[PDB]
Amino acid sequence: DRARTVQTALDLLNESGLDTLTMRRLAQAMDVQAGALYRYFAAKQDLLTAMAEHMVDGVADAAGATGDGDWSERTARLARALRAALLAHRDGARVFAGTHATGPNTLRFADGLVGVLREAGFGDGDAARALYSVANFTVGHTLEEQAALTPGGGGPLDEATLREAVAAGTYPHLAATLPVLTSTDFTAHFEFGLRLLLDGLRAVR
(Lines of atoms letter the chains of each structure in order from A and count residues from 1; the text may use other names and numbers.)
(Lines give C-alpha, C1' and ligand atoms only; values in the text may rest on other atoms or scores of the structure.)
Protein backbone atom coordinates (compact mmCIF):
# COMPACT_ATOMS: atom_id res chain seq x y z
CA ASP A 1 0.00 0.00 0.00
CA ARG A 2 2.85 2.34 0.90
CA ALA A 3 4.85 0.46 -1.77
CA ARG A 4 2.09 0.75 -4.40
CA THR A 5 1.69 4.45 -3.59
CA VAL A 6 5.44 4.96 -4.09
CA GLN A 7 5.31 3.14 -7.44
CA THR A 8 2.32 5.19 -8.64
CA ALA A 9 4.13 8.39 -7.58
CA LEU A 10 7.25 7.34 -9.54
CA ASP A 11 4.98 6.64 -12.56
CA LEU A 12 3.46 10.15 -12.21
CA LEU A 13 6.93 11.63 -11.89
CA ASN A 14 7.90 10.20 -15.27
CA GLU A 15 4.64 11.36 -16.83
CA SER A 16 4.65 15.04 -15.94
CA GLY A 17 7.63 15.81 -13.67
CA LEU A 18 8.28 16.77 -10.07
CA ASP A 19 6.60 20.18 -10.15
CA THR A 20 3.18 18.66 -10.99
CA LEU A 21 3.42 15.85 -8.43
CA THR A 22 0.94 16.68 -5.67
CA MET A 23 -0.80 14.54 -3.06
CA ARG A 24 -4.08 15.48 -4.82
CA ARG A 25 -2.63 14.48 -8.24
CA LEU A 26 -1.48 11.18 -6.70
CA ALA A 27 -4.93 10.65 -5.14
CA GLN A 28 -6.59 11.30 -8.56
CA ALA A 29 -4.13 8.79 -10.12
CA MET A 30 -5.03 6.04 -7.61
CA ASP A 31 -8.76 6.88 -7.43
CA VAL A 32 -8.69 7.53 -3.66
CA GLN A 33 -9.28 10.62 -1.47
CA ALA A 34 -6.17 12.65 -0.60
CA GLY A 35 -7.13 11.98 3.03
CA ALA A 36 -6.29 8.31 2.43
CA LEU A 37 -2.73 9.10 1.28
CA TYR A 38 -2.07 11.21 4.34
CA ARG A 39 -2.64 8.10 6.49
CA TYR A 40 0.37 6.48 4.75
CA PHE A 41 2.51 9.60 4.39
CA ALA A 42 2.07 12.41 6.93
CA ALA A 43 3.44 14.94 4.42
CA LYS A 44 4.54 15.08 0.77
CA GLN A 45 8.18 15.27 1.95
CA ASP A 46 7.68 11.78 3.53
CA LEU A 47 6.47 10.44 0.19
CA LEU A 48 9.46 12.09 -1.59
CA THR A 49 11.83 10.60 0.98
CA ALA A 50 10.34 7.12 0.36
CA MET A 51 10.65 7.65 -3.42
CA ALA A 52 14.31 8.65 -3.12
CA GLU A 53 15.04 5.59 -0.92
CA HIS A 54 13.32 3.28 -3.46
CA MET A 55 15.17 4.83 -6.46
CA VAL A 56 18.53 3.82 -4.96
CA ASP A 57 17.56 0.21 -4.16
CA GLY A 58 20.47 -1.97 -5.21
CA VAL A 59 22.93 0.89 -5.82
CA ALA A 60 25.25 -0.34 -3.02
CA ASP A 61 25.53 -3.74 -4.75
CA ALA A 62 27.26 -2.12 -7.76
CA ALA A 63 30.58 -2.34 -5.88
CA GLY A 64 30.45 -6.17 -5.99
CA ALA A 65 33.00 -8.05 -3.89
CA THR A 66 36.60 -7.11 -3.16
CA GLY A 67 38.65 -8.08 -6.22
CA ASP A 68 35.83 -7.22 -8.65
CA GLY A 69 38.09 -4.51 -10.06
CA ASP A 70 40.52 -2.43 -7.95
CA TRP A 71 39.25 0.18 -5.44
CA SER A 72 39.03 2.92 -8.14
CA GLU A 73 36.91 0.71 -10.44
CA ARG A 74 34.59 -0.30 -7.58
CA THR A 75 34.26 3.30 -6.43
CA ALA A 76 33.50 4.33 -10.04
CA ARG A 77 30.80 1.59 -10.33
CA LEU A 78 29.08 2.92 -7.19
CA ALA A 79 29.05 6.51 -8.51
CA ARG A 80 27.86 5.35 -11.93
CA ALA A 81 25.08 3.25 -10.39
CA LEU A 82 23.94 6.21 -8.31
CA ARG A 83 23.83 8.40 -11.44
CA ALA A 84 21.96 5.69 -13.36
CA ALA A 85 19.41 5.23 -10.54
CA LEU A 86 18.65 8.97 -10.54
CA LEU A 87 18.52 9.22 -14.38
CA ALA A 88 15.98 6.35 -14.41
CA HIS A 89 13.32 8.83 -13.17
CA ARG A 90 12.36 12.22 -14.48
CA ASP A 91 13.64 14.84 -11.98
CA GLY A 92 15.15 11.93 -9.98
CA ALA A 93 18.23 13.89 -8.82
CA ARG A 94 15.95 16.69 -7.47
CA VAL A 95 13.98 14.12 -5.50
CA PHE A 96 17.14 12.48 -4.10
CA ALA A 97 18.93 15.81 -3.40
CA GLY A 98 15.93 17.17 -1.46
CA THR A 99 15.30 14.08 0.77
CA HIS A 100 14.60 14.43 4.56
CA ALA A 101 15.76 11.10 5.94
CA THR A 102 18.65 8.82 5.15
CA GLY A 103 17.22 5.34 4.62
CA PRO A 104 18.90 1.89 4.55
CA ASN A 105 19.50 1.95 0.77
CA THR A 106 21.40 5.24 0.99
CA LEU A 107 23.19 4.17 4.17
CA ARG A 108 24.32 0.91 2.47
CA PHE A 109 25.60 2.93 -0.52
CA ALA A 110 27.50 5.37 1.76
CA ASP A 111 28.91 2.66 4.03
CA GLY A 112 29.90 0.57 0.98
CA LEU A 113 31.73 3.49 -0.68
CA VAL A 114 33.60 4.50 2.49
CA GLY A 115 34.42 0.78 3.07
CA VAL A 116 35.91 0.33 -0.40
CA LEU A 117 38.32 3.25 0.27
CA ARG A 118 39.21 2.30 3.85
CA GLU A 119 39.90 -1.32 2.78
CA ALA A 120 42.14 -0.01 -0.01
CA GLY A 121 44.34 1.93 2.44
CA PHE A 122 42.61 5.31 2.78
CA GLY A 123 42.51 6.79 6.28
CA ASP A 124 39.14 7.51 7.95
CA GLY A 125 39.13 11.25 7.13
CA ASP A 126 40.03 10.80 3.45
CA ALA A 127 37.50 7.99 2.95
CA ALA A 128 34.61 9.87 4.59
CA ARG A 129 35.44 13.13 2.82
CA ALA A 130 35.70 11.23 -0.48
CA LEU A 131 32.16 9.91 0.05
CA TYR A 132 30.89 13.51 0.13
CA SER A 133 33.04 14.60 -2.83
CA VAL A 134 31.90 11.70 -5.05
CA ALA A 135 28.24 11.83 -3.96
CA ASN A 136 28.00 15.62 -4.23
CA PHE A 137 29.67 15.66 -7.63
CA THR A 138 27.38 12.85 -8.83
CA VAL A 139 24.22 14.61 -7.57
CA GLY A 140 25.31 18.04 -8.92
CA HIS A 141 26.17 16.51 -12.30
CA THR A 142 22.90 14.55 -12.56
CA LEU A 143 20.79 17.54 -11.45
CA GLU A 144 22.29 19.64 -14.20
CA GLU A 145 22.03 16.84 -16.80
CA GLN A 146 18.32 16.45 -15.98
CA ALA A 147 17.73 20.22 -16.03
CA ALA A 148 19.16 20.26 -19.58
CA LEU A 149 16.95 17.39 -20.78
CA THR A 150 13.78 19.00 -19.38
CA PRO A 151 11.54 20.36 -22.19
CA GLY A 152 13.01 23.84 -22.86
CA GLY A 153 16.34 23.20 -21.10
CA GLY A 154 17.63 24.76 -17.89
CA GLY A 155 20.66 24.89 -15.61
CA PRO A 156 23.31 27.64 -15.67
CA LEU A 157 25.59 25.85 -18.18
CA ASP A 158 22.95 24.28 -20.41
CA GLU A 159 24.62 23.16 -23.67
CA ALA A 160 22.13 24.82 -26.07
CA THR A 161 21.88 28.03 -24.00
CA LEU A 162 25.71 28.45 -24.08
CA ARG A 163 25.83 28.24 -27.91
CA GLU A 164 23.54 31.24 -28.54
CA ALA A 165 24.98 33.57 -25.91
CA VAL A 166 28.55 32.93 -27.06
CA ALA A 167 30.75 34.63 -29.65
CA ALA A 168 34.57 34.30 -30.04
CA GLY A 169 34.56 38.11 -29.76
CA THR A 170 33.07 38.12 -26.23
CA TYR A 171 33.58 34.67 -24.60
CA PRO A 172 36.50 33.29 -26.60
CA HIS A 173 37.28 30.31 -24.38
CA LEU A 174 33.67 29.21 -24.52
CA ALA A 175 33.63 29.88 -28.26
CA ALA A 176 36.81 27.78 -28.75
CA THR A 177 35.49 24.84 -26.73
CA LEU A 178 31.81 25.00 -27.96
CA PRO A 179 31.78 21.53 -29.48
CA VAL A 180 32.55 20.06 -26.05
CA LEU A 181 30.31 22.48 -24.04
CA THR A 182 27.22 21.84 -26.20
CA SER A 183 27.93 18.08 -26.45
CA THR A 184 24.93 15.92 -25.53
CA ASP A 185 27.48 13.37 -24.23
CA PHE A 186 26.63 13.72 -20.55
CA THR A 187 28.04 10.27 -19.89
CA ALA A 188 31.48 11.35 -21.17
CA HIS A 189 31.32 14.49 -18.97
CA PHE A 190 30.43 12.36 -15.95
CA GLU A 191 33.24 9.88 -16.60
CA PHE A 192 35.74 12.76 -16.93
CA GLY A 193 34.73 14.28 -13.56
CA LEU A 194 34.79 10.87 -11.93
CA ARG A 195 38.27 10.27 -13.40
CA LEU A 196 39.46 13.62 -11.92
CA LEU A 197 38.17 12.59 -8.43
CA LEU A 198 39.73 9.12 -8.65
CA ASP A 199 43.08 10.50 -9.90
CA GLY A 200 42.93 13.00 -7.02
CA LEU A 201 42.28 10.12 -4.58
CA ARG A 202 45.25 8.23 -6.07
CA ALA A 203 47.34 11.33 -5.37
CA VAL A 204 46.23 11.66 -1.73
CA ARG A 205 46.35 7.96 -0.84
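Residue indices: 1-based, along the sequence shown.
- [ ] Could you check the entry and say whether 162-170 or 47-55 has the higher mean CA B-factor?
- [x] In the deposited entry, the stretch with the higher C-alpha B-factor mean is 162-170.
TODO: Decide which of the stretches 101-109 and 120-128 has the higher mean C-alpha B-factor, going by the entry.
DONE: Result of the comparison: 101-109.
- [ ] Determine which member of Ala34, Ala60, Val139, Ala176 has the highest CA B-factor, using the values in the deposited entry.
- [x] It is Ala34.
- [ ] Please place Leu18 in the lowest, middle or highest third of its chain by C-alpha B factor as given in the entry.
- [x] For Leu18, whose C-alpha B-factor we compare with every modelled residue in the chain, the answer is the middle third.
Task: Chain-relative CA temperature factor third for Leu181 - done: It belongs to the highest third of the chain when residues are ordered by C-alpha B-factor.
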